[PDB]
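**Student:** What follows is a single structure, and I will ask about it in a moment.
2 protein chains.
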Amino acid sequence: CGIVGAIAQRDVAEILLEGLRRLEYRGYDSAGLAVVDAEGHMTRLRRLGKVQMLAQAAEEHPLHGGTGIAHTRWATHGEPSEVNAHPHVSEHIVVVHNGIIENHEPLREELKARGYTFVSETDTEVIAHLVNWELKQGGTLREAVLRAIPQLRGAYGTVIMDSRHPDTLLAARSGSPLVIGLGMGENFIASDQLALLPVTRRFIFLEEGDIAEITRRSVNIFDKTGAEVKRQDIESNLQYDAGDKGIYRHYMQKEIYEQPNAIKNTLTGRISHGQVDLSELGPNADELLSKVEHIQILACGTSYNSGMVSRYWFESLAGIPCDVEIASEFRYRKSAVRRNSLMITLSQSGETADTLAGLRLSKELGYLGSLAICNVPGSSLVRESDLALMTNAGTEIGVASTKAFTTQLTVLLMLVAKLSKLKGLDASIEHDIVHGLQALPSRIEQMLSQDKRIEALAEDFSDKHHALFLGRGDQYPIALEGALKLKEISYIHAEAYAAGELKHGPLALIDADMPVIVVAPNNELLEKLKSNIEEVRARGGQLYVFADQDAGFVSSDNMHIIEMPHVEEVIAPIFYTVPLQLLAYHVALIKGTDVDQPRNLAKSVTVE
Amino acid sequence: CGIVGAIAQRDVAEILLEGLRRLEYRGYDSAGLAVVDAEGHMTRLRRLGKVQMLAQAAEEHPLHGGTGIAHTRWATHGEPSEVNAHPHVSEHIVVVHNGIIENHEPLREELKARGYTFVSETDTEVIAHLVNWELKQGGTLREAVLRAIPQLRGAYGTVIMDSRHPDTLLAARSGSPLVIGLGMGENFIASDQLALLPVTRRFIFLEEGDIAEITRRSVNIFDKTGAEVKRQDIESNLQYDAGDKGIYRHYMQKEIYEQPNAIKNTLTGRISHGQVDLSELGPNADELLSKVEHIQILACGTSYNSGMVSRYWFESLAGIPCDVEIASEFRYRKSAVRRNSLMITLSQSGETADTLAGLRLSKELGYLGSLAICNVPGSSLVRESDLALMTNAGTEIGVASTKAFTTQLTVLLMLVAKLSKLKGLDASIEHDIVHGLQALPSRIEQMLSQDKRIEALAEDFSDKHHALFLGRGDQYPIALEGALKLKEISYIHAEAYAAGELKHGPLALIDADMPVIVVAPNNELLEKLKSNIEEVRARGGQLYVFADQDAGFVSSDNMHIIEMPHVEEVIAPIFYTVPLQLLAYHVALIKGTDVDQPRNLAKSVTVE
Ligand SMILES: O=C[C@H](O)[C@@H](O)[C@H](O)[C@H](O)COP(=O)(O)O
Ligand SMILES: O=C[C@H](O)[C@@H](O)[C@H](O)[C@H](O)COP(=O)(O)O
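As they're listed, the protein sequences go chains A and A'. A prime marks a further copy of an entry chain. Going by the authors' numbering, the final residue of the first sequence carries number 608, and the count climbs one at a time with no gaps. Going by the authors' numbering, the final residue of the second sequence carries number 608, and the count climbs one at a time with no gaps.
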């Protein structure tokens, strides 16, 4: 989730609370900072709620100090939320981490043994009493820590502090990212370089394992053993616009509408000469890519749907057997490795628990090699992969992925043409794919200029609480997607069915008041589809159908047609996605929902 | 669908209306018979509705004749239901078919040319004016037909009659089954030997293509060309109990509760000596089965879910790469054939459009060979296959498959152990599978004796209209299944999610009033699951959890636990299915629904 850390000479709270705000997406149930003033007065503070719930519990009780550590959260397993909220104050040790401490039991028991007393349920409060115990046994903090770290198992990103000596903050990185922001006289710790974006812009990105010792006037980093290290330090880029929603009322909407430029980024330096280019893999790709006979794809939620759309392409175009499983199942299941199998995770975060263990698994199951289509660079998926292709999406703040989706398509789509050519197939296959790609941007541009109309439809969903999404083909999953959206950002019970599955059961749901969103280009499967539309139609189902301008569909009280600008077909599933995104967003407004942090959720799921 | 045909000396209506009643499952939108009395008075009759809607429109206007043909239907594409209802009276030619006439256009136009006039939209009414035109050009009916048949494309099962000469009925078979029931002085035609079950029990099962000429006192069958044929004639068996619901209020319920004996049938003559036996394939199976490296599985609705459960087994036990696609998508999609791929349809009917073309496709795509796990013998899937294994389910009348499911599992499960052994694997794998199999019956027995309790739960769903089904593992799809049920037989919007997918989106749906059915044995994935239960739990979601007696779960207003009799684990997905079946049925009663013919549906989808 979100974890921030100041240690300057000014007051560090209204920054700590900022860092949080700019990590509210990674987590939005509980929050709270801990600062201390000169003298030593600790001042822990927690609130259930948005970060603002804290903010306000700060104005009421301003916190002075130049040593604090904040923290937002995803309260998942539930639990007394304000009791189990960070930070936790082990007498004088305050901690806040990001992650999961595996051995959080073999410890909690062992300590406890030694008269310890965990007043709260939680793994953070274990870091504390652990580090603390280590003070007692000699050394300095930057020593008590360098000893306790290696006795923890998991992936975490804690930032330990001694209320008796706010002179130093400790920061370890074992999994969850922790970047350090460099200030003047001051420093800052963060889980992401986006918290600190306001104050510094100069970051030393902790490598994996580091236990950096930080003060106002120094930042000493040590490797895992305890050696000293000289981590470089770079200036940020991830600031294009930072987390400024701009003209846009919500992040999704801006993120939705960035798709057209967002793809351009992706198709940039890759569409070199009528034919997709991906040298970026370094001439050693055509030696593993080429032995490829099958493709396994790990993913979750939207990152999976994409995996789907692709399977259609990898086969009907690359001619390559391909599976596209949900990471959650894969990882725990004994399985049968195809011969010559390129594993291919499709995270946007790069840091998702499941798609990542998956990957990890893959390694042992003798796959041919990994490939990684992340959004975020140097991400756990990207560095443990073997090959990787980056979406160039830009940072996506929306809890509900959108441009990360469209980008993914574009990439995969590109990989297809590479693989296509790589396989002496028809040089025309690449050509065709490219033309789409190399014209997707302009086209989504086209599509968005329909905002108004879709915004109009959404009115019809005020009163509904169910919705059916139908598609067939390499649009089965596009219809999967637009459900997942609407479903998530408006709470409507939307469900997606592969069109030709209705009559085998689900078709019982239809009725007078059941809207049915359907996507329908000038596909070959057009008529097949045109049918199951008529099948639902003939049973009540109110029908919103996003159909190519030249489909043939005809308007009607029961059957609402939303003309679609003729698209290509290689990029058809991307295109037809967009309108479905608008609709989910707009219905969400009509619904009056947290368009940007839907309940029980929180962008990127990196827990486990 | 359902098509019946009398031609006796008594009055044939109260039989025709019976035949229909006993094919109401195959179709239940529109109906209607046509008889004629001695003199020649035709008497066509149609009604929207159950067959009974006709029945009653018969009592009001008794139909005398000893030559009639009836017919129930699935009105799918909708259309003026009483206008487009069979039979259709082309002046003197009355027809009724079962199936789809492809060229139903290149004809409708051509004829029409010749001053013809189709007062109704429909493909039946095309058979008529077609056969008719053929009278005019010479010959006798049994000649005008034998000429018109070969000018039709599709799969059909029409039974043509001449109102000017009820002396003869014609019957052709091009796809849809047509069996002939033999009486004394009288005959009968049928789409299934179950219509006629009351009158005769002696059937000559038309081969594929036959154009049988039938009168009271003869039944001449001719092959496709026009030759004479001597089709054998067998006595029925499919009459165990016929379509007599017995003690049981609905077919599902009886069919649900037949599972325990229904499996026994399946495990009969196959569990020969501590180890599954399937010689029934004839010593030429271990020569294709053995070269098998991958398994593709086609299916729809419940017949697919089974395909799922299996994939888990074929891999984690047989060690064999396996895909399990929805037939509807497969069939229309260019794809990549694994090397050495055993295709394997999983119909119960054997006659499903999609799973069958699928199969058909398979043939061209160089698979290694077909295998067929049908319920019904000599079924289109079973005869075009290459290998086949029959469920021994018994005829299932329920529109909502149940025992066909459990049987399928059992079979596949058996195939796994065959393949397992066939692959020098651990002799212990077979052993273990068998023990389950060879103890599934007794165990489901166990499970049903919980009826009451589940019947109790269902009370809690009166007011609900959504439901979430969660499972993980080789129970992801078992949770898929029990949704499809409830979803179909009660209209509740039930949805199944692989447990570990919640946090990536859908988990937004949960709330105060969202029941969540979850299946949870003493799996290894127990705790994983135990979690997402707690995740939903912690967000409102009312939780009905079907968990092993020794799970650990604890009762609670928000979390309803329904102890499950410890089962094995190889057969665990079958077992945990049953309770989910009860619940759908019981909720359906509380709902007050067509537990046996849910709306917009109709057992086996054989249209296209
Ligand atoms: O609608 C929500 C998004 O679809 C979300 O579900 C996301 O796609 C998954 O949780 C995947 O995580 P990553 O893409 O970042 O790995
Ligand atoms: O709940 C309804 C049944 O699940 C039904 O969906 C059936 O399974 C499919 O239509 C498959 O047809 P076959 O099994 O007979 O081929």
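Cβ atoms here follow ideal geometry from the backbone N, Cα and C, with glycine treated the same way.
Just to confirm, does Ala155 of chain A get its C-beta within under 8 Å of one of the non-hydrogen atoms of ligand 1?
**Tutor:** As a working mapping, residue 155 of chain A is identified with position 155 in the first sequence. Outside the cutoff, so no.
**Student:** On the premise that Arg173 of chain A' lies in contact with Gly209 of chain A', defined as a C-beta separation below 8 Å, what is that separation, rounded to the nearest angstrom?
**Tutor:** Numbered from 1 along the second sequence, position 209 holds the residue referred to as residue 209 of chain A'. Numbered from 1 along the second sequence, position 173 holds the residue referred to as residue 173 of chain A'. Yes, they are in contact, since the Cβ atoms of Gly209 of chain A' and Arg173 of chain A' sit about 6 Å apart, within 8 Å.
**Student:** Roughly how many angstroms separate the alpha carbons of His294 of chain A' and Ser370 of chain A', rounded to a whole number?
**Tutor:** Here residue 294 of chain A' corresponds to residue number 294 of the second sequence, with the count starting at 1. Here residue 370 of chain A' corresponds to residue number 370 of the second sequence, with the count starting at 1. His294 of chain A' and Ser370 of chain A': Cα-Cα distance of roughly 12 Å.
**Student:** Can you give the Cα-Cα distance for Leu342 of chain A' and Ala494 of chain A', rounded to whole angstroms?
**Tutor:** Start at 1 with the first residue of the second sequence, and residue 342 of chain A' comes out as number 342. Start at 1 with the first residue of the second sequence, and residue 494 of chain A' comes out as number 494. So the alpha carbons of these two residues sit roughly 34 Å apart.
**Student:** Mind listing the chain A' neighbours of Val605 of chain A? Cutoff is C-beta to C-beta under 7 Å, in chain order.
**Tutor:** For the purposes of this step, residue 605 of chain A is taken as residue 605 along the first sequence, with counting starting at 1. Near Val605 of chain A (Cβ distances below 7 Å), the residues of chain A' are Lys503, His504.
**Student:** Please tell me whether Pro321 of chain A has its Cβ less than 9 Å away from any Cβ of chain A'.
**Tutor:** For the purposes of this step, residue 321 of chain A is taken as the residue at position 321 of the first sequence. At least one chain A' Cβ lies under 9 Å of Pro321 of chain A.
**Student:** Give every residue of the same chain whose Cβ lies closer than 8 Å to the Cβ of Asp244 of chain A, excluding the five residues on either side of it in the sequence, and list them in chain order.
**Tutor:** One-based indexing of the first sequence puts residue 244 of chain A at position 244. No residues qualify anywhere along the chain.
**Student:** Under the rule that 16 or more other beta-carbon atoms within 10 Å means buried, what is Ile247 of chain A', buried or exposed?
**Tutor:** One-based indexing of the second sequence puts residue 247 of chain A' at position 247. By the 10 Å Cβ count, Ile247 of chain A' comes out exposed.
**Student:** If we call anything under 9 Å between Cβ atoms a contact, is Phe469 of chain A' one with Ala336 of chain A?
**Tutor:** Translated into positions along the second sequence, residue 469 of chain A' becomes position 469. Translated into positions along the first sequence, residue 336 of chain A becomes position 336. The answer is no: Cβ separation not under 9 Å.
**Student:** Could you check whether the segment 315-331 of chain A' touches the segment 349-368 of chain A', counting it as contact only if at least three pairs of C-beta atoms, one from each stretch, sit closer than 8 Å?
**Tutor:** With the cut-off at 8 Å, the segment 315-331 of chain A' and the segment 349-368 of chain A' touch.
**Student:** Could you work out which residues of chain A lie near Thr76 of chain A', taking near to mean beta carbons separated by less than 8 Å?
**Tutor:** One-based indexing of the second sequence puts residue 76 of chain A' at position 76. Result: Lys503, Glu535, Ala538.
**Student:** Residues of chain A with CB closer than 7 Å to the CB of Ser328 of chain A', please, in chain order.
**Tutor:** The residue you call residue 328 of chain A' lines up with position 328 of the second sequence. Those within 7 Å of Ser328 of chain A' in chain A are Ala498, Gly500, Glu501.
**Student:** Of all Cβ atoms in chain A', is any one closer than 9 Å to the Cβ of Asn600 of chain A?
**Tutor:** On the first sequence, position 600 is the one that residue 600 of chain A refers to. Answer yes: the Cβ-Cβ gap between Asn600 of chain A and chain A' drops below 9 Å somewhere.
**Student:** Do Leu206 of chain A' and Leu289 of chain A' have their CB atoms nearer than 9 Å?
**Tutor:** For the purposes of this step, residue 206 of chain A' is taken as the residue at position 206 of the second sequence. For the purposes of this step, residue 289 of chain A' is taken as the residue at position 289 of the second sequence. For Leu206 of chain A' and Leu289 of chain A', no; Cβs fall outside 9 Å.
**Student:** Could you name the residues of chain A' that residue 616 of chain A contacts, counting a contact when the two beta carbons are closer than 9 Å?
**Tutor:** Residue 616 of chain A is absent from the structure shown; chain A starts at 1 and stops at 608.
**Student:** Cβ atoms of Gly505 of chain A' and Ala400 of chain A: under 9 Å apart, would you say?
**Tutor:** Counting from 1 along the first sequence, the entry for residue 400 of chain A is found at position 400. Counting from 1 along the second sequence, the entry for residue 505 of chain A' is found at position 505. In this structure, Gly505 of chain A' lies closer than 9 Å to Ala400 of chain A by Cβ.
**Student:** For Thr355 of chain A', verify whether its CB is less than 8 Å away from any heavy atom of ligand 2.
**Tutor:** To locate residue 355 of chain A', count along the second sequence from 1; it is residue 355. Because some heavy atom of ligand 2 lies under 8 Å away, the Cβ of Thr355 of chain A' counts as near it: yes.
**Student:** Taking Cβ to Cβ, would you say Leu583 of chain A is nearer than 9 Å to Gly482 of chain A?
**Tutor:** Here residue 583 of chain A refers to the residue found at position 583 of the first sequence. Here residue 482 of chain A refers to the residue found at position 482 of the first sequence. It is a contact, given that the beta carbons lie within the stated cut-off.
**Student:** Using DSSP with H/G/I as helix, E/B as strand and the rest coil, what is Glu213 of chain A'?
**Tutor:** Walking along the second sequence from the start, residue 213 of chain A' turns up at place 213. Looking at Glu213 of chain A' - three-state DSSP - the assignment turns out to be strand.
**Student:** With respect to 8 Å, is the separation between the Cβ of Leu484 of chain A and the closest non-hydrogen atom of ligand 1 below this value?
**Tutor:** As a first step, residue 484 of chain A is located in the first sequence; it is residue number 484 there, counting from the start. It does: the Cβ of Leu484 of chain A is within 8 Å (strictly closer) of some heavy atom of ligand 1.
**Student:** Please report the straight-line C-alpha distance between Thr391 of chain A and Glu109 of chain A', rounded to a whole angstrom.
**Tutor:** As a position in the first sequence, residue 391 of chain A is number 391, starting the count at 1. As a position in the second sequence, residue 109 of chain A' is number 109, starting the count at 1. One C-alpha to the other measures close to 54 Å.
**Student:** Which chain A' residues are close to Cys1 of chain A, counting only those with a beta carbon under 7 Å from its beta carbon?
**Tutor:** Here residue 1 of chain A refers to the residue found at position 1 when the first sequence is read from its first residue. The premise fails here: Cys1 of chain A is roughly 12 Å from chain A' at the closest Cβ pair, so nothing lies under 7 Å.
**Student:** Using the beta-carbon of each residue, which ones in chain A are nearer than 9 Å to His250 of chain A'?
**Tutor:** Counting from 1 along the second sequence, the entry for residue 250 of chain A' is found at position 250. Result: empty, since nearest Cβ-Cβ is about 16 Å, beyond 9 Å.
**Student:** Using a Cβ-Cβ cut-off of 6 Å (strictly less than) and excluding sequence neighbours within five positions of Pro198 of chain A', which residues of its own chain qualify?
**Tutor:** For the purposes of this step, residue 198 of chain A' is taken as the residue at position 198 of the second sequence. These residues qualify, in order along the chain: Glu18.
**Student:** At a cut-off of 8 Å, would you count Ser347 of chain A' as near ligand 2, judging by its Cβ distance to the nearest heavy atom?
**Tutor:** Here residue 347 of chain A' refers to the residue found at position 347 of the second sequence. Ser347 of chain A': yes, Cβ under 8 Å from ligand 2.
**Student:** Express the C-alpha separation of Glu488 of chain A' and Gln56 of chain A' in angstroms, rounding to a whole number.
**Tutor:** The residue labelled residue 56 of chain A' in the question sits at position 56 within the second sequence. The residue labelled residue 488 of chain A' in the question sits at position 488 within the second sequence. Going by the C-alpha atoms only, they are around 28 Å apart.
**Student:** Helix, strand or coil for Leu206 of chain A', going by three-state DSSP, please let me know.
**Tutor:** For the purposes of this step, residue 206 of chain A' is identified with residue 206 of the second sequence, where counting begins at 1. Coil at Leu206 of chain A', not helix or strand.
**Student:** Hey, quick one: how far does the beta strand (DSSP E) through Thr67 of chain A stretch, first residue to last?
**Tutor:** What you label residue 67 of chain A is simply residue 67 of the first sequence in a count that begins at 1. Residues 67-69.
**Student:** Using the three-state DSSP reduction, which class does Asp244 of chain A' fall into: helix, strand or coil?
**Tutor:** The count along the second sequence starts at 1 and reaches residue 244 of chain A' at position 244. Note: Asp244 of chain A' maps to coil in three-state DSSP.
**Student:** In angstroms, rounded to a whole number, what distance separates the CA positions of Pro598 of chain A' and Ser490 of chain A'?
**Tutor:** Against the second sequence, residue 598 of chain A' aligns to sequence position 598. Against the second sequence, residue 490 of chain A' aligns to sequence position 490. The alpha-carbon atoms of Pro598 of chain A' and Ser490 of chain A' are separated by roughly 8 Å.
**Student:** Quick one: which chain A residues come within Cβ less than 9 Å of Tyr491 of chain A'?
**Tutor:** Your numbering for residue 491 of chain A' matches position 491 in the second sequence. Going along chain A in sequence order, the residues near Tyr491 of chain A' (Cβ under 9 Å) are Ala508, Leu509, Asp511.
**Student:** Got a sec, what are the start and stop residues for the alpha helix (DSSP H) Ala456 of chain A' sits in?
**Tutor:** What you label residue 456 of chain A' is simply residue 456 of the second sequence in a count that begins at 1. Start and end: 451-459.
**Student:** Consider the Cβ of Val337 of chain A: report whether some Cβ of chain A' lies at a distance smaller than 9 Å.
**Tutor:** For the purposes of this step, residue 337 of chain A is taken as the residue at position 337 of the first sequence. It does: the Cβ of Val337 of chain A has a partner Cβ on chain A' nearer than 9 Å.
**Student:** At which residue ranges does the segment 404-433 of chain A contain complete alpha helix (DSSP H) runs of 4 or more residues, listed in the order of the chain?
**Tutor:** Entirely contained in the segment 404-433 of chain A, not one alpha helix (DSSP H) run reaches 4 residues.
**Student:** Is DSSP giving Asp354 of chain A helix, strand or coil here?
**Tutor:** On the first sequence, position 354 is the one that residue 354 of chain A refers to. Three-state DSSP puts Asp354 of chain A in a helix.
**Student:** Show which residues of chain A' have a CB atom less than 8 Å away from the CB atom of residue 629 of chain A.
**Tutor:** A question about residue 629 of chain A goes unanswered here, because the residues of chain A that appear run from 1 up to 608.
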